[PDB]
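Visitor: coords please:
(chains A, B, C, D, E, F, G and H, ligands or ions: 3)
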Amino acid sequence: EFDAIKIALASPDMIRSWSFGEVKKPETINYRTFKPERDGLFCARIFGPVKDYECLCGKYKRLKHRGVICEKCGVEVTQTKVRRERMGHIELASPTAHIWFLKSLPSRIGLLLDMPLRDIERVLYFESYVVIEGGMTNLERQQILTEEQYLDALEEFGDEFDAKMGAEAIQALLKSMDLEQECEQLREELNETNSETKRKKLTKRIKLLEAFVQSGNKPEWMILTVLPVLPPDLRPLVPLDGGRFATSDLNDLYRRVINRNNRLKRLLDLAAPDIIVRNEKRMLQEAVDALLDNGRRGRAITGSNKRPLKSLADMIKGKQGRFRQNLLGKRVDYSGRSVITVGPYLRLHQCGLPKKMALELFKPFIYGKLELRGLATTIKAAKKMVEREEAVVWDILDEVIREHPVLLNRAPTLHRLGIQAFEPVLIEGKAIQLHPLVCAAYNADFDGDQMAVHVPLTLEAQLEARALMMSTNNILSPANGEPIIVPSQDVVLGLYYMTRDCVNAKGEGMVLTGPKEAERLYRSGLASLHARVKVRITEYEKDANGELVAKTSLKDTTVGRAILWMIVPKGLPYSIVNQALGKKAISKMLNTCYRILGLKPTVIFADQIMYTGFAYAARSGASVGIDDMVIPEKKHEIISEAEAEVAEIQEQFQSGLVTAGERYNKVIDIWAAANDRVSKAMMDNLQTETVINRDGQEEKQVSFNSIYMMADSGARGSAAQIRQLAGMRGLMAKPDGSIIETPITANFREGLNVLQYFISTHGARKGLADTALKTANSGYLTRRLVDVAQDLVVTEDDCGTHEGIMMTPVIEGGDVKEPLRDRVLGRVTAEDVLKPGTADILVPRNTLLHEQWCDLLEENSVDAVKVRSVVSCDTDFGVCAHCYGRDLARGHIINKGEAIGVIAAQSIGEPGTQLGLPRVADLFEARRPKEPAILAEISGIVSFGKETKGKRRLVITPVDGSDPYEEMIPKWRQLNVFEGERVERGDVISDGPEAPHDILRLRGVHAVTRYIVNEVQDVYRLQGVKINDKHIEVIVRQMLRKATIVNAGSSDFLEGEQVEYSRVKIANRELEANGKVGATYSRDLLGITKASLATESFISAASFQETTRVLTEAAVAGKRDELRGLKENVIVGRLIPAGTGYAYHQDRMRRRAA
Amino acid sequence: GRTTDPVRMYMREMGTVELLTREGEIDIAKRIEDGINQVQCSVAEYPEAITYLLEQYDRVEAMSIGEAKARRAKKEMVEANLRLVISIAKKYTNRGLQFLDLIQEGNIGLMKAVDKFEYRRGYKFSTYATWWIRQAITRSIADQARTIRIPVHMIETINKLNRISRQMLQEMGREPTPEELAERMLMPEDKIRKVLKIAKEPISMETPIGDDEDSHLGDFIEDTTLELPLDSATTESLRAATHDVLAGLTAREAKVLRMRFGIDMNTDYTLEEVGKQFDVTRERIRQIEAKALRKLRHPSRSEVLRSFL
Amino acid sequence: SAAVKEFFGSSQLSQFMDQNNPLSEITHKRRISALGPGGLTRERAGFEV
Amino acid sequence: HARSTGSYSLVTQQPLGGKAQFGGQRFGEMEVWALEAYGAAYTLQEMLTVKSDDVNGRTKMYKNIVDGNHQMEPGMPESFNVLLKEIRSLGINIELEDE
Amino acid sequence: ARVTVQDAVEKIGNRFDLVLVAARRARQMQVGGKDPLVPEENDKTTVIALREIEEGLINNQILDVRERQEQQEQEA
Amino acid sequence: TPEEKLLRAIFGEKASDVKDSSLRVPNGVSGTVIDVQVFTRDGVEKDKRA
DNA sequence: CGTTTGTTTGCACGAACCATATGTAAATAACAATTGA
DNA sequence: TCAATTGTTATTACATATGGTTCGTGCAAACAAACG
Ligand SMILES: [Mg+2]
Ligand SMILES: [Zn+2]
Ligand SMILES: [Zn+2]
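Guide: Numbers count the residues shown, from 1 in each chain, chains lettered A, B, ... in the order given. Ligands and ions are numbered 1, 2, ... in the order given. Below is the structure in question.
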C-alpha cells in the first residue's frame, strides 16, 4: 500500500489543509444535554457526527442522507469513526516558538541562527530586543538590545532600525536569513580555519544548514502560527457511571491555549498597554509549550489534582508511551491465562487445556461448526447452545481442537523457548497441565506460576505453530547446541537409582536371555533392581549409511540397566546405559541420540525416559529423613581445634606481635581451613561409608543415603548445600563485604542460635534484594542488545568472502578453558585446513564442520583453524548463511531468512540473571576504561621532546614515513618501554586496560572482535554459563556498522560525515566501475545504545530511546524511512522481513524495482 | 539572576513604576479628559460630521494628538494601578484558573474601570476600580474555569447553595439534606437535586488507579459505541436470509417490499412514490404488501426468520 | 474535614486491612513502613536502607 | 481467565485488562521478540494487527472464522493511526509515501 | 495424525517455504475447490497438506503447475 | 435498520422501550443468596421488598 | 380492485416559561554542553 | 585545550433582553377496518 513514511516540518498551509475547521471556543459539552457545543473542542460540524449517520439537530437520521451537510446546524452526516480522523486548527494571534525546536539541546533554532539559547530565551519572553536587519549603520543584525539600549537608539534612530521582541522577532530573523549564502560563508570559514572546537562547531552548523536547504523545510516554519487540534476521539470526554465525566489532559491544555489566544485577541482589539499584551503573549507561549511538552519550561502546570498534566509529547515517549505500550506490545484477543500443573502423562507435543478455557477461547470456531453441521439454525442459536453448554457442544469442541495448536507463554519471555506450541488435550479442571520436560525451557516451577495461552487463527499461523514452535521442534537450545529437554530432577533420580549397582543384591550372578527376561525377573520379585548379572543384548550399529548391523554378545551389567535398555532406540551403543546415569549422562545420551538417529527417535526417547524415570523413582521410595543428614563425628574435634588456634592467635595479638588486620586475616584463614576439613570429613562419611559384605568379609560401595543420591545423581542440590545441612555452614560475610570473624559453626540439622540466625539473615536479605534489583538491569541490557541487532537477517546463501578468524583453544595459565572442539563446531571453514605437516588438504575450504569433522580434527590434533565469522561477511544488509554457521537450534546450516540478530540478543541476555553483568554491559557499551593503555599509534622509533608541566610529548618516527604524530603522555603514567626504542603499530606503551576503540583502530576488526568475545566469554565461563560465540560476533558486527570518510576523493561523501559502512562499501564497489575512487574510511565502534540510536530508520530509533531528539532530527532533516526492518514492520502491522514473511518482502521488492 | 516563571517576569516589569501620589490620579484623569476634549473638538469642527449628526438625530426622533493624549494617561493610570489587580486577584488563586489568568482578567477589568472612571465625583479610584476588577475576575472564573462550562446564573445558584450548606453545617452539626435546604432556600426541592447533580470537574483520564500500579483510569474505560462481532455476523446473516426469502417471491411483490423498506437501496419509499413508479393506486400497493407479508408469514418459509428473533 | 478525610481515606500509609486471617490482621496492624509522605520511595530507595 | 472477544479500550482500539473487564493477555515486547526469533511472521502479524487492533480487521476475521475460512486481511492497526494523528498534532508533518 | 515435521522440511526445505506452501495447499482445500491427494484420516487441512508434502505429492513447483493448468483449461 | 423493521412487521412484535440491565451472577460463580439489602433514596417510594 | 369510513402521525404554528448572555455597582550512572582555568 | 559544573535520559448579586425549549393545537398525510 505505502512504501515508506516521510516526516518533515509542517507548514501553516499544510496544517490548515489538514484541518476541517477552526476551533473558536473552549466549550466542550452543554452540561444539560451532553451533545457537543459548537464550534468548540468537541464540535459536530468540525469533527463529524457523534452518532452513526445521525445529524445532530435531528433533521437527518437515515443512511440515505449521507454525504450532505445540514443547515439548522451545519453538521455533515456520516459514520462516527470519522471523529478519530478529522483535525481542527487554532489561528494563534501571536506566533509561538515550537518547544521541541527551541529546547532540543542542541537547539535547532539557536544553531541555525548562530545565537546562544540563553539570548533566544531572553528574546522570546520579552526580556530583551533583537535587531532584525535594522540597518547596516550602527547595529548588527543579530545584535541584541535591552530596554535601555533600545530606548537610547530609538530617538537616535527612527528609520533603518528594526528591533522586536518575542517569537515574532525570532520568526523575522529566521525568515530573513538565506540558507545558500550562510552555507557558502560557513564553508569558507571552515576551509580557512584551524581549530578543532571551532571546526566541529562549523561542521555542525553547516550540516544543519545543508539538511535544512536540501529538504523542503523552511526555517520560519519552526515558529508555530497555526496550531493543529487532535481529533476528539483521541482526547475523549466520555461520561462515567453516576454522572461523573472522564477527560484527557489534552482537553485542559487545549482549553487553556484557546482561552489565552482569545484573551490576546481581545486585548489587541482594545489596544491595551504594551505591558499587558506582552504578559499575555508570554502566557500564550507558555500554554503552547505546556501543550506540546509540559516540560522544558521550569515548572509543569498541573491539573485539578496536584499531578502534572500529560502533554502531547508525553503520550509518545517513555515506557508508557504509544510506541512501547500499544505499538510494540498489545493486549490480544483469543488469549487466556491460568495456573500450571505437572500432568506427567502428556506427550512432549501436547498440553492439557481446561475444558472451560478451551470453550471460551474457541467460541467462533464452535459457532461455525454448529452452523455447518446444522445443529444451530442461526448464529444466535449457536451462542445460546454454547452458553447452555449442551451436550453436543462438547463434541463440537473436541472436533474443533483436534489438531489446532495453541501457544503457551510464561510471564518473563527471556528467550525463544519462552513461547512454544502444543496440541491441546481437554482437561476436566481449571489448571493448565504442562509437560514436565519443557519446564526447564520455560524456567517454570509449579509453585503457583501462571502461563498464558494464545490461539493461532489463520492457516498460516497454525502452520507456523506446527512447523516452527512445536515443542518437538525445539529440543536444542538456540544459544548453545546442548539439548534443552533434559530430564530434570525426578526422572534423573529414578534413572540413577535404577542404573547403579549394589555389591550383594538378590539374584546376583545369574545369566539372562535379554532385557525382557530382566524385566520379568525384577517385576516378579526374584531379583533386585540392581544386581550384577550377565545378559545377552543385541546392539545395532550404523557404520555405513542406513544399514543397521546387529551385534549380539553377553554383557556384564545389572538388571536395572538391562531393563532400561529396552527404551533405547536401535542405532545406539549399549555402553551408554552401562554407567550410573547421572544428569550429565542422560543429557549426553539424548545428544548422541539426536546426532545419530534424528529428531523423531529423540522425541520418543525423551518421552520414554521421562516415563521410566518417574515410574522407577516412585518404586524407589527415595525419602528424606532427619537421620539422612549425618553429622561428622569429627566436627566437634575440628571446631575445638579451630577455637584453640583462634585463642592462641588472639593471645599472640595481645602480646603485640601482629596487627589487628593480620590477626583477623589469619583467623579467617584458619577458620576456612577448618571448614574445608569439616566438609571433607562429612563427604567421606556420607558418600561411600555404606559398608556391606558379599558372601565374605566386607566390601565398600557408594552410599545409598537419600540426600547423597540426590546430590550425586545431579537431581537437586550440590556439595555446598549438603555441607550446609550436616557440616558447618562456613563463614558469613556482612553485606558490606567484611567476612565475620566468628563463623556459623552450627549446621541446619542442629539448631542455629539467635546470633547465627541474625548473621545468616544479614546475607539472605542482601541476596534477595540483589536478585530483585538484578533482573531490571539485565532486562535493560537485553533490550539494548535486541534493539542494536533487531535488523539483522540471513539474506544471502554465500557471500564468497575468503576472510575469516583463526579459532584456537583458550588457555590461561597453561590450562585449557575451552577446547577447540567446542569453538569450531558448526562453523564453515574460511580457508583450506591443512595437517600440521602440510601433508595434504584435511578438509575442503567451505565445509560445515559438523561433529565428524571435529572428531577428525581432534584425532589429528589441529591446534588452530580459520573459520568464517559474521563480522567478516561481505554481504550488504544481512549476512550469508555460510558465514553464520550451524543454526545451533537445528543441526543443518542456517536457513535463509532466520533473524539471527534477535536470537543472538536473546541468547546473550537470558543468562544475565545468573550473573559481573556490569562488566558485560561496559564491554557492549564500549565504554573506555578510566586509565586506558596508551598504545603505539604508529610504527617507528620512539623519542621524547618537551617535558615541562605540559606533560611529556612522545614522538614515533617511521623509517621513511612522515612523523607529525606526537603523543602528550602524562608523566605519572609509567612507561613500559624506554626512550630510545622502536615500537610496532598497536603495541603497548603505557599499562592498563585497553580501550576497544584503540584496539580496532590499531590492530584491526579481528583484534577487537576477538577481544570482546574473549572478555565476555571469560565472564560467562566464570559464572558457568555457556554461550556460542556466533552471538557475540553478531553483536560486534552490529557495533561496527558505521565508518568515517578519511578521504572522500571522487565519491559523493564529505570528510567528517559518518556514513553507514555498507553505503560506503557499495559506493566503492560501484566507483570501481569507473577509474577514480578516492574513497577511504576508518571503521568506527559505538556502544550498542549509541549504535542502535544512530540508524537509517528513524521510526526504529524513535521507538526505544529518547523520542524527542530523534523526531526533531528527522523532522528538520526531512528523513524518509524505508521500512526494511523488524521494528518498523512490526509497528505498522506488516509481515516482518525475517521469517515466513521474508519471501513476501522479496517479492514486494521485486515488484518495486520494476 | 535569571528565571523562567512568567509571573516573576510580570512582577519585574510592573514593579518598575511607582505606585502613585494622591491628586496624581485626578491629574491623569484630567489629561484623559483633555484628550477626549481634543477629539470632540475635532469631530465637532468637521461640518460633514455635524450634518451626519443632524441626520441621525432626525432618524432617531422619527484627531490624533487628542487620541495620543487619551492613550497616554490611560497607560499611566492602568500601569499605576496594576498592583491593585494583583492584590484582589490573589484571593481567587485556587478556583481552577491559574494566577496569571486571573491577573490578566483583572487587568482587563481595570482598563474598563479606567475608561469609565469619573474624577469629578471626588472619589478615590481604588474603590471604583475594585468593583470592576472583582466583576471581571469572577466572571472569568465562572466562564472558563470548568471543562464543561456552566452559565453564570447557574454558577450563582451553585455558590449560593454552597454558602447556605456551609452555614447550615455549623448551625446544625452534621449536614443539611436536600429537603432541609428547601426551607433555608426557597426552591422547589427538585431544582436543588439538579444543582447538586450538576457534574463536578471531570476526573483526569491519567489518574493513577489504586495500589500505585502503572495503570491509569483510562485503561478501564471501554468504547461503548462499538458493534460486537456477533452482532455484525447476525446482521450479515439476516441480510442474506432476507435476500433469499425475497428471492422466492413474485417479481413485483418482491420489488414493492424491497422499496417499502430501505432494503439494499436508499431511503424507503412511500406508497405514493411506489405508485408513481408502478403507475398503480396507493391502496393497491398497500394490499400487495399486506399479501406479501401474509405469504412470508407462512411456516416453512420464515422459520429461520423467526429464529432471527 | 477535607484534610483529615484525605489523610485517612486516600494516603499511602492507610491501606485496606488484610483480613483473610487473624495473623494477617495482627501483623498488618503492627507494620513498620519507610514509605509514605516524608519517607523514601521504592523506585529510588537504595540498598543501604 | 479466557477471552475470545469483548470490550475494547477507548482511545486505543485494544482489549482491556485482566478478568475484571474480561480483557485479553498482554503480548508484550519480549513475546514479540520471541516470535521474531522464530520464523513466525504471520503469527506475529495476526497477533498485533487482527487479534488486537485492526478495527476492520477483527470483525472480518471473526466472520471468516464463523464460516470456516481461516484467512485474514491484516490492514493497518488503529494504534499506528493514533500515533500518526498525535505526531501530526505537533508541528510535524508525518505521512505515508507512495500512497 | 502428525507430531513432528522433519521429513516434509527435508522435501521442500528452508522451513519458511514449507509453511507458505502448506498454507497455500491447505487454503485450496479449505475452500471447496480441491480434495486431498492422500487418504484423509480425520485430520485438519493443515495436517493433510503437510502429509501431502511428506509424500512428495505437493511442492511449490507442483502447485503453480496445477494452477496454470486449471487457468488454461478455464478458457473453455 | 432495514431487514429488521421488516421482521418486526412480519411477526408483529413490538420493540421494547426498556433495555435489560439486570444484575446477573458473574459467570462461573455459583452460590446461595444469604442476605439482601435495599437502600432507597428519601424521596423515592419504597417497593414491596424494601 | 376500488370505495367509504374512521384513526394515528409528521410538520408547522403559536404561547409561555425557564434558560442564557450581558451590564452594572463610587539514586545512580552515563553522556554531552557550557563556562571557566 | 583541559576540568568542573549543568542539564538530559535511562532503569455577590441584582436587573434586563432575548432566545431556546417545552407544550398544546391544527391540518394534511398516511394508515387501518369493513364492504361491494
Ligand atoms: Mg515458580
Ligand atoms: Zn442538523
Ligand atoms: Zn559471508
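Visitor: make it CA atoms for all contacts and neighbour counts henceforth
Guide: Fine.
Visitor: check the gap between the residue in chain E that ligand 3 sits nearest to and residue A:895 for me.
Guide: As assessed by CA to the ion, ligand 3 sits closest to residue E:14 within chain E, at 17.9 Å. Using CA to CA, to the nearest Å, residue E:14 is found at 5 Å from residue A:895.
Visitor: over to residue E:68?
Guide: 29 Å.
Visitor: quick one: which of the two has more around it?
Guide: Shown here are residue E:68 and residue A:895; by other CA atoms under 10 Å in any protein chain shown, residue A:895 has more neighbours (23 against 12).
Visitor: show me the contacts for that one.
Guide: Counting by CA atoms under 8 Å, 6 or more residues apart in numbering or on different chains, residue A:895 makes contact with A:794, A:881, A:887, E:14, E:15.
Visitor: all helices of chain C, in order?
Guide: C:2-9, C:22-29 (DSSP state H).
Visitor: ignore the last one, chain E
Guide: Going by DSSP H, chain E shows helices at E:7-11, E:17-30, E:45-55, E:60-73.
Visitor: pull the shortest one out as PDB, backbone CA atoms only.
Guide: Coordinates of each C-alpha in helix E:7-11 appear next as PDB, following Å, rounded to 0.1, in the frame of the first residue of the first chain:
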ATOM      1  CA  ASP E   7      10.500 -35.200   6.600                       C
ATOM      2  CA  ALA E   8       8.500 -32.500   4.900                       C
ATOM      3  CA  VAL E   9      11.200 -30.000   5.700                       C
ATOM      4  CA  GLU E  10      13.700 -32.400   4.100                       C
ATOM      5  CA  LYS E  11      11.400 -32.400   1.000                       C
END
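Visitor: buried sites along it?
Guide: Neighbour counts over helix E:7-11 (16 or more other CA atoms under 10 Å in any protein chain shown) mark E:7, E:8, E:9 as buried.
Visitor: for residue A:1048, what are phi and psi?
Guide: phi -60, psi -40 (degrees, to the nearest 10).
Visitor: correct me, but it touches residue A:1071?
Guide: No: using CA atoms under 8 Å, residue A:1048 makes no contact with residue A:1071, being 12.0 Å away.
Visitor: compare these two (neighbour count), which wins?
Guide: Using other CA under 10 Å as the criterion, residue A:1048 and residue A:1071 rank with residue A:1048 on top: 19 against 16.
Visitor: count the neighbours of the residue nearest to residue A:842 when sequence neighbours are not counted for me.
Guide: Closest residue in space to residue A:842, ignoring its immediate chain neighbours: residue A:834 at 5.3 Å, by CA to CA, 6 or more residues apart in numbering or on different chains. For residue A:834, the count of nearby residues is 15 (other CA under 10 Å).
Visitor: re earlier: just name the most buried of the helices of chain C.
Guide: helix C:22-29 (a mean of 12; mean count of other CA atoms under 10 Å in any protein chain shown).
Visitor: any idea how far residue A:103 is from residue A:118?
Guide: On the measure of CA to CA, residue A:103 and residue A:118 end up 11 Å apart.
Visitor: these two: which has the busier surroundings?
Guide: residue A:103 (18 against 10).
Visitor: ok, now which ones touch that one?
Guide: Contacts for residue A:103 (CA under 8 Å, 6+ apart) come out as residue A:296.
Visitor: just the closest residue of the stretch 301-450 of chain A to ligand 1, please.
Guide: Nearest to ligand 1 in the stretch 301-450 of chain A, going by CA to the ion, is residue A:445, at a distance of 4.3 Å.
Visitor: just to revisit the earlier point, contacts only, for the residue of chain E closest to ligand 3.
Guide: Contact analysis of residue E:14 by CA under 8 Å, 6+ apart lists A:895, A:896.
Visitor: could you do residue A:705 as well?
Guide: Residue A:705 neighbours (CA under 8 Å, 6+ apart): A:628, A:686, A:687.
Visitor: who wins on neighbours among the residues you listed?
Guide: residue A:686 (23 neighbours).
Visitor: doesn't that residue belong to a helix?
Guide: Yes: Residue A:686 forms part of a helix when assessed by DSSP: H, G, I helix; E, B strand; the rest coil.
Visitor: quick check, it in contact with residue A:711.
Guide: No: look at residue A:686 against residue A:711 with CA under 8 Å: they stay out of range, at 11.0 Å.
Visitor: right, and the helix or strand after the helix or strand in which residue A:151 is found?
Guide: Taking DSSP states H and E as the definition, residue A:151 sits inside helix A:147-156. Counting by DSSP H and E, the next helix or strand C-terminal to helix A:147-156 is strand A:163-164.
Visitor: what sits up against the helix or strand following that following strand?
Guide: Past strand A:163-164, further along toward the C-terminus, the next helix or strand under DSSP H and E is helix A:166-176. For helix A:166-176, contacts defined as CA under 8 Å, 6+ apart pick out A:94-97, A:113, A:120, A:123-126, A:130, A:132, A:163, A:218-220, A:223.
Visitor: buried residues, helix A:166-176. List them.
Guide: A:166, A:167, A:168, A:169, A:170, A:171, A:172, A:173, A:174.
Visitor: ok, the residue nearest to the first one when sequence neighbours are not counted - contacts?
Guide: On the basis of CA to CA, 6+ apart, the spatially nearest residue to residue A:166 that is not a chain neighbour turns out to be residue A:124, at 3.8 Å. With contacts defined as CA under 8 Å, 6+ apart, residue A:124 is in contact with A:165, A:166, A:167, A:170, A:282.
Visitor: how about the residue nearest the centre of chain C, what does it touch?
Guide: The residue lying closest to the centre of chain C (CA atoms, centre = their mean) is residue C:13, at 3.1 Å. Shown in contact with residue C:13 (CA under 8 Å, 6+ apart): C:35, C:36.
Visitor: again, 7 Å this time
Guide: residue C:36 (CA atoms under 7 Å, 6 or more residues apart in numbering or on different chains).
Visitor: name all residues that make contact with residue 42.
Guide: Looking at chain A here, since you left the chain open. Per CA under 7 Å, 6+ apart, neighbours of residue A:42: A:28, A:36, A:232.
Visitor: narrow those residues to those in strands?
Guide: Residues of those located in strands (DSSP state E): none.
Visitor: turn those into TSV, including distance to residue A:463 and neighbour count.
Guide: Compiled in TSV, the contacts of residue A:42 are given as follows (distance: CA to CA, whole Å; neighbours: other CA atoms under 10 Å in any protein chain shown):
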residue	distance to residue A:463	neighbour count
A:28	51	23
A:36	50	20
A:232	42	23
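Visitor: kind regards, and thank you for your time.
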